[PDB]
Structure formats: structure tokens, C-alpha cells
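Each answer follows from the model by the rule given with it, or from the source it names; no laboratory read-out is quoted. Note: ideal-geometry Cβ built from the backbone for every residue, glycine included; neighbour counts use all protein chains shown.
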There are 4 protein chains.
Amino acid sequence: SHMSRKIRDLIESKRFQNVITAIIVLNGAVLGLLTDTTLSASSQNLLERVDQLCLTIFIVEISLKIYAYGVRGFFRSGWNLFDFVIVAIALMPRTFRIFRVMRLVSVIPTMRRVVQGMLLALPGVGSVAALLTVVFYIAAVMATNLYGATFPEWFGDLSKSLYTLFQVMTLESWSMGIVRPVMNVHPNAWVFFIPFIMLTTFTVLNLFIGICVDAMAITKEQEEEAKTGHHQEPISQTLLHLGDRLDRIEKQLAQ
Amino acid sequence: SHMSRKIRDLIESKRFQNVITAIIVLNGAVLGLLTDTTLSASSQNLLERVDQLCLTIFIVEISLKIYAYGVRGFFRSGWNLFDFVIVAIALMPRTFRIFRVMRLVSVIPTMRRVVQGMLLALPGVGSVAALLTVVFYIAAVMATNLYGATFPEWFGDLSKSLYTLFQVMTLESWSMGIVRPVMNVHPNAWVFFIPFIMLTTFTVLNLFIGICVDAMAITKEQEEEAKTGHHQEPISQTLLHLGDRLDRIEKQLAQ
Amino acid sequence: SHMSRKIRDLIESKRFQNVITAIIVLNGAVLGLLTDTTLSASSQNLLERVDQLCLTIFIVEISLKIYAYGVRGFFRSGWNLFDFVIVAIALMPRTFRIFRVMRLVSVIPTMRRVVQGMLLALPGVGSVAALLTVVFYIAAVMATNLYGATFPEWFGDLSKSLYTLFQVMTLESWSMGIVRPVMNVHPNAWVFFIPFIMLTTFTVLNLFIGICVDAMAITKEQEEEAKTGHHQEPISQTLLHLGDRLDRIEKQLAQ
Amino acid sequence: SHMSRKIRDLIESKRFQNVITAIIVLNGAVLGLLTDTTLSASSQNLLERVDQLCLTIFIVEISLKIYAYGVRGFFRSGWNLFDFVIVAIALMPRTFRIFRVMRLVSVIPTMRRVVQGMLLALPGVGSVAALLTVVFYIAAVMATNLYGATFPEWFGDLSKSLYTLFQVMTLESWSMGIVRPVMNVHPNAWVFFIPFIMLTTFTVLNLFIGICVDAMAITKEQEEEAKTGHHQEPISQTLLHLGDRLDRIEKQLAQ
Ligand code: NA
Ligand code: NA
Ligand code: NA
């Protein structure tokens, strides 16, 4: 139908994207103003009405998208499902309404590409992240058994130990705050904590560098296909294509 | 005119650059000495006169540049405008006179190239920086609503929350100073702060690596054009040129 | 023998790997539950029996591997020796039974490849690590002689100095906690500590980047050979092979 | 002369290098033992005699090198001058005798190559380091004028300000220790400190990454020439050589 295409072309336009972006910003701005404890009843009611207005615009927007694309369809995209869930959950009387400012990511294509680059880079680091998980679990069980009875606030149970070890890994007051006090009772505690810091800071660095490097490469390809409809072929492929061309030249040289 | 060219050749010489560099250093040295509270009236007046002398040399320098290049002209360069604004603002009776030591960057070509490499690398990271901005805004609104009434010094309002979250992201006393005290009242506060630290430290790393990698590549090209008048062609272009040469050889092989 | 091959094919199957993985997780879960101080005698005895059950499954597993591969043989692999030592040490009545969760690394091939990539990357950074060792030793001897008599808790002996310098390198309370107090007695102490921080943070960064970059390249090759039986040839080799092909074409062009 | 060559071949042997390495380690070990306050007079005198023995072996070693190479000659190498200065200064009755453990670097060729890679990488980062220097100087003058009268311990003079800003850049107690107290008197102090932290942490990262990347590339070339007498040609050169070969093939195709 001509109406489905007329709506699609409007939905897909820069102006419609700019209007929706401006309304997301307006909603974020009113929710930020609503954190103000000193506001009058009238000022609060006014801002709450602007929140309702912003929300209804989003319901019309999603309903226009479910029409112009179909329900099969619109829900085929992960970003449409996210946008749907975020607005639909608000119509169910979850306190943190500000999470709908995340819609800026889904609505802005360049921001959307950064996030999908980061998400697509996550499977490729799962073994490093599992190794980190294993090191933390082992260390938490050790720390609980070793220091729990003497330092219960920091190592009293598994939960307390996982928290303190996360603090230790971030190098936050690890020595003046945690290990120098522990060594007053357990003089060889550094044999546990120094190798733990060495292992975890290294692994967390590796984990983040791995994501950082992969995500940049993925986004760079997605940004190329968004502009030219294709991406740059790997240097190995270009070198392989040159080698195949040299085969035809070597063959033509004989005949 | 011959006079315009005689001045241009002087302005563009190494000696003129060295004299102006020495006067910037002299001005920086006298302003550093003027921070000394224990100085006598005579010593203070002497140094203040050396500041006036340094400033007048800069007015002559800029006036010589506006003459030898034209006003169209001299103002065509962003570094000339910056140099002009920095000296012209001093003739308007803005307390921080030391900001004129930044002129070392504009006056030294290698330092100028490092800074322009850093500035040209900024547009290419805007989506990562916006993502970081969005995460901070969302988190600040959440933190204000969650902990503002119980921890007003740290989360009392949006401003206080943005400051504390910046401190948390830098890992400064995040646990012993902020989160362990918050958990005494809100036992599940780690569900908010640990993912916030994970997200923001990762994003800030990505943002800085992105600038760091792009800026180095840009400066390396600018440093090449400064010396040889051109830069090294990308490996993809060299491989494409080889492929085009193989087309002419394959064509010549048949005929 | 047909029985040796029937067992090998079972040992090498995905199902056997999944069962052993599930039993490692079960053992880790029961040992984590045994850190709980508030557990009843019956609950403790039950979990201790589940630890015995998990351990006996591992003895059967290793015994099946020593049979199907031979003792020459099974012990030819470093991962089999590690798995053997970990289970065999438990049969010698070393308190830290949780270290057997490290078996997840040896049992999961992708996790095994990450760790062997990290280990193979270590010889190539030995000179940077030795340089770091030398800087720490020199600095520890200096710090002991300089500040030991006035600050005995932090620099009293070599051991105390090595610990404080490790804390200083990690930037943990280095100034408010260590150097500002030392400067109250030794005003030029910053001449020692600031260059030490500059040197060691740089070296530790270099050491970790070196491992991080090498380990990723090694694992990427091992992951390729695991799937395709071979890895991608270096760009230098592909370029050398193209050059050798151009020699045959230049030779054929004359004759 | 045959004697000069017989000594050179001994000096250059692995055994002579191992003996000298063992004596450097022995000297380091005795100097580390001499930090012990509780040592008896006899134990101290014994270790002091072992220090004299180690030192005399080094005088014979350097004298053998000045003979076998010549004084022109031996002093032609920067590592020989360093080794000479380190042993010659000990014969002038400078308290820190432990600095002679640095000789391990000059005596071990792989360690020597890491350090020369780091030194050769320093000129190429001078403009980034100068930019950092400029930012620190400007900020120190500002901080002294702004906060010196109200916070004299931290910003009382230029020296105190340079120290506090170095602490701020390392993110050590920057907020709980320095900026939250400063904001109690100067509520907008974050306008100064947050951009300062943003600028300096970024610049120091860039400076260290620059050295780290360049130093690795230089050492890798030096390690290649040490083993094969030459290094791997850049990918740009190999691609340029292939292009030159394609010129001769295109020329031969016509004639
Ligand atoms: Na840190
Ligand atoms: Na810290
Ligand atoms: Na700290």
C-alpha cells in the first residue's frame, strides 16, 4: 500500500529522527529536574505532565513503526524490541524512568553502531572473562577460609570476599585499607594478595583491550557499509587475489 | 611589495621563532616568580615591567604578521587567531596571564602538529564520548533519587552526583570512602556502583585509546608533509595500484 | 586394541567433557558452600561426601586416560600432568581444595588456549621483567638505607621496603599515606619517589602490553590450527611468495 | 698483536660474561645484606671485604677492556663509558653503591637492547612531553595564585603546587584528600581540577604508549641484527620493490 510506504519514508527521514531525539532529550531534562527535592507541587505536576506528553509521542512513534513495517517485521530488529520494551514497560503500573534516555543510542545511527560493535566483540573474549571469573571464585573461597574469622566485615562470607577482592583488583586502598591491617594478624598475607593483584589487573587489562580492539574494527566496517554499502576487504584477501592474478599471467606466458 | 616579502622572510625565519620562544619563556618565568608572596615591592614592580616588555614585543610581532600576510589573510589560520586573541585580551583592562605560555604550542611547529593531531582526532570519537555522557547523566539521576536523602553531601543534587560519579570512575576512594558507607544504609548499592565502574572505566579507556591511535596517525602524516611535502600512501592504495598494473600486464600478454 | 580406541573416542567426546565440566562446577559449588560458618553438622557431612564423590569421578577419569593413551604417553602433555598432580595431591593426607576448579581451564579447550597463549608469551618479556626486578631491588636497598631508621614500619628492612615500593608502584596512598609523611622528616624524598613511580609504572605497563599483544597473536594461531588444522601465514611470507612468482614470470618473459 | 686478540676473544666469551654477571649479583647480595641494622661487627667487616673483592674484579675487567680495545676505542661505546664511570666513581673517597647493580643491564645483551630501545624512542615523544611540561607549569602557577593563601601546605608555592598536581594526575586521594577540602572554601574548584585530570591523564597515557610502541619496534630490529646481522624490511619497501619488478615485466612485455 501507498500509505505504508508514505509512513516508512517519514519514519526513515532525518526530520522525524531529529524530532524524536529532541523529545528524548526533553524527557531526560524533565526527569533530571524531578530529582530536585525543593520543587513546588505546581512545578512537579507541570514536569510530570511533560513526562506523560513525551511518553505518548513515543507510543504514537512505535505504533507508526509497527504499521509501516509489520509486526513480523518491526520485531525482526533487536533495537526495535528494546525501544518497544522501554516504552511498553512504562504503561504497566519501573521507578527508573531515566533508562529511557538509552533510546538516544537506538535512535542515533552512529551511537547505535558503537554499541553494536561493543556487543559483537563480547563473544570473542568469553574465555578471558571466564578465566577472570574462575580466578575470582577460587580467590573468594580462599580469602573466606583464610581471613573470614579474623576479618569478618571484609571476608566474613563469599559475598563479602567477592566485594573486597573487586576493591583489591581496582587497587582502591588495597594496602593501607585492607592488606596492611590483615598482615598485623596474618604476616604472610602478601603471598595471597600481591599474586592476586598481579593476575587480576593483567586479566582485566587483557579483557578490556580485547573488546576495545575488536569493537573498533567491527564499528569501522559497519560505518563503511552504512555509507558505501560495503566494507574494505582484508589485506590477506587483496594479497590472495593478486596471487590468483599472477597464476593467470604465468599460464598466459606459456601459451 | 618587496617590504612585505622582506618582513615575511624574517617572520618565517628560525631566528625570529627562537627570539619569540625565548620571550614566551621569559614571560612564563616572571609570572611564576610573581606567585611568590614574600617578594618586595621593588622586585614585584621590576617583574611587572618585564611582563609589560614581553607583552609589547608580542604586539609588534602580531602587527608585523598582520602587515606581511594581510588581515584576510593572517586571520585565515586558527593558530594566528588564537595568538591574536591571547595578546589582544591582555590589552583589555583576564587575571590568568600564564595562559599565554600556551603560545609555545602555536610558535613551535612540532608542538603545534601534536595538538592539531589531537584536535582532528576528536570528531571521530564523538559517539563514544556521547555514550559516556549518556551513562553519566542516567547514573547521576539514579544516584540522586536512590541516595540523595541519606547521603546529601555526595548525592544531594544532580551536580553533587555528577562529581561523586566522576570520583567513582577514577576509582578514587570509591569503596572505603563512598560505597562501603552507602552499603551500611543500602545493602544492595554494589548492584548500582560495580556495573557503573565496569561501564565507565571501559568507555573512558576506549575514548582515550581512540584519540591516542587516531592523533598519532594524523601527526605522523602532518610531520611527513612538513618535511617532504607529501605523506606515505595507505597500504590499501599501494595494493590497489599493483592490481591496476597487473591488469595492463594481463592485457599486454594477449596482444 | 579395540578397547583402548573405544575408551579414547569416549574420553575425546563432547559429552564426556561436559560431564567432567559439570562435576568440576559441582565440586566448586560444594567447596564454596563449605566456607559457611553457620552450617549444621549434617549439611557439612553431606557436602563433604559430595566432595569425595567428585574426587573419585576424577580418579576414574585420569585412570581411564592413563589406560587409553599409555603412561609414556598421557604424561607427554603438560595439561595431563597438571590434572594428575591436582587429583593425586588430594589423595595424600593441601587444605586449598578449591585450586581443583583450575581444572576448568585444562578441561575446556578454548580456556586452555588462552592460558597457553599467556604462558608462551612470557619468555619474550623476560628482559623487561628482569629490568623491573633490578629497579625494585636497587630501590629497596636505597629506601631501607635512606628511610628505615625514621620510618621502620614501611622501610625497616628489605622485605618491608619491597612491599611499600610495590604499594607506591600501584599508586595506592603513595602521597597522602607514604611520601607526604616521609617528606616531613626528609624534605627531598620526592627526588627518590617521583622518578621511582615514573620508571616502574612505565615498565609494568610495557611488561603487561608485551604479554597482552604476544598472547593474543599466539592464541589466535592456536585457535586457527584447532579448527582448520593450520594458521594464516605472515604478511611478510605472502609478500615473499609473490616476489618469487615474479622471478618465474620475469624468467619466462625472456624465454 | 696476538695478545690483544687473545684477551678480546676472552672478554667477548660467554664464560667471562657469566663470571662478571655472578660477581655483580654477589655485590648486589652483599649490599642488600648490609642494610641489616642488627648485623655484628665481624659480619659487617666480612661483607665489606666481599664488596672490595667485587670492586677490584671490576677494575681488572675494565683495565682488560681498555687494553684489548684501546682507549679511543673502548670509550667509543656509551655502555663502556657508563661501566667505567660506575666503577671509577667508587675509587673516589657516592654512598649509593647499589647503583652498580645497573651493570647487569650493560653486561647482559638482551637487557642492554631493551634499555637502548627505550632511550632511542625518547626523542620521538619530546613534543608530547613538552606539552605535558607546559600544562603542568601553567596549572602550577594557577593553583598557587588561586589556592595558595587558603591551602598553603598543598599550594603555598610553585614547588608545593607541582607536587600536589603530580599527586592529582596519578589520581591519588585527589577528591577525598585534596579537591573536596578545597571546594569547602572554593566551590567552583572542580572547574580547574576535573579538566586538569582529563588533560594530564590523557597526555601521560599518550606519552607512555608512544614510548612503549616505538621502543618495542626498535628492540625487535636490534634483536634481529644481533642474530642474523640484518633486520626485516618495512612492508612499504617490499611493496615498492614489487612495483619496481612490475615495471621491468611491463617493459619486457612490449620488447
Ligand atoms: Na589507579
Ligand atoms: Na587510588
Ligand atoms: Na586511593
(request) Would you check which residues across region A:106-124 are hydrophobic (A, V, I, L, M, F, W, C), surrounded by fewer than 20 Cβ atoms within 10 Å (Cβ to Cβ) and either assigned to a helix (DSSP H, G or I) or within 14 Å of chain C (Cβ to nearest Cβ) (or both) and list them? (result) A:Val107, A:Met111, A:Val115, A:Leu119, A:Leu120, A:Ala121
(message) I need the full set of residues from region D:152-191 which are within 16 Å of ligand 2 (Cβ to nearest atom), farther than 15 Å from C:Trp190 by Cβ and either assigned to a helix (DSSP H, G or I) or not assigned by CATH to the domain that holds D:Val135 (or both), in order please.
(response) D:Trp174, D:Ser175, D:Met176, D:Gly177, D:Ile178, D:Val179, D:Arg180
(request) Please identify the pairs in which a residue from region B:161-178 that is closer than 13 Å to B:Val135 by Cβ has its Cβ atom under 9 Å from the Cβ atom of a residue that is within 14 Å of ligand 1 (Cβ to nearest atom) and of a type in the set (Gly, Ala, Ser), counting only partners at least 6 apart or on another chain. (result) B:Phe166/D:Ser175
(message) Based on this model, can you work out whether C:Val114 counts as assigned by CATH to the domain that holds C:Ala215 and among the aliphatic types (A, V, I, L, M)?
(response) yes
(request) Consider B:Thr219 carefully, then state whether it is within 16 Å of ligand 3 (Cβ to nearest atom), touching a helix residue (DSSP H, G or I) at 6+ places or on another chain (Cβ under 9 Å) and away from chain A (no Cβ under 11 Å). (result) no
(request) Scan region C:157-175 for residues that are more than 8 Å from every other protein chain (Cβ to nearest Cβ), within 16 Å of ligand 3 (Cβ to nearest atom) and surrounded by fewer than 22 Cβ atoms within 10 Å (Cβ to Cβ) and jot them down. (result) C:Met169
(request) Please work out which one of (1) at the interface with another protein chain (Cβ under 9 Å from one of its Cβ atoms); (2) outside any helix (DSSP H, G or I); (3) away from ligand 3 (no atom under 16 Å from the Cβ); (4) aliphatic (A, V, I, L, M) is the condition C:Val213 fails and give its number. (result) (2)
(message) Any residue at all in region A:245-252 that's within 16 Å of ligand 3 (Cβ to nearest atom), within 11 Å of chain C (Cβ to nearest Cβ) and among the basic types (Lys, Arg)?
(response) no
(request) Restrict the check to region A:82-99 and report whether at least one residue is of a type in the set (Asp, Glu), surrounded by 13 or more Cβ atoms within 10 Å (Cβ to Cβ) and assigned to a helix (DSSP H, G or I). (result) yes
(message) Testing C:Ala189 on (1) at the interface with another protein chain (Cβ under 8 Å from one of its Cβ atoms); (2) among the aliphatic types (A, V, I, L, M); (3) over 30 Å from the mean Cα position of the chain (by Cα), one condition comes back false. Which one is that?
(response) (1)
(request) Return yes or no: is D:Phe196 more than 9 Å from chain B (Cβ to nearest Cβ), part of a helix (DSSP H, G or I) and away from ligand 1 (no atom under 16 Å from the Cβ)? (result) yes
(message) Checking the condition under 30 Å from A:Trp154 (Cα atoms) and in contact with a helix residue (DSSP H, G or I) (Cβ under 7 Å, 6 or more places away or on another chain), which residue from B:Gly124, B:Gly148, B:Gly156, B:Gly117 passes?
(response) B:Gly148
(message) Can you find a residue that is more than 9 Å from chain C (Cβ to nearest Cβ), under 28 Å from A:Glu225 (Cβ atoms) and in contact with an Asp or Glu (Cβ under 8 Å, 6 or more places away or on another chain) anywhere in region A:81-102?
(response) no
(request) May I ask you to verify whether B:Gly156 is within 16 Å of ligand 1 (Cβ to nearest atom) and out of contact with any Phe, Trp or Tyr (no Cβ under 7 Å at 6 or more places or on another chain)? (result) no
(request) Would you be able to say whether some residue in region D:127-147 is within 16 Å of ligand 1 (Cβ to nearest atom) and closer than 30 Å to B:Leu132 by Cα? (result) no
(request) For A:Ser77, work out the one condition from (1) surrounded by fewer than 17 Cβ atoms within 10 Å (Cβ to Cβ); (2) under 30 Å from B:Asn145 (Cα atoms); (3) not aliphatic (A, V, I, L, M) it doesn't fulfil. (result) (2)
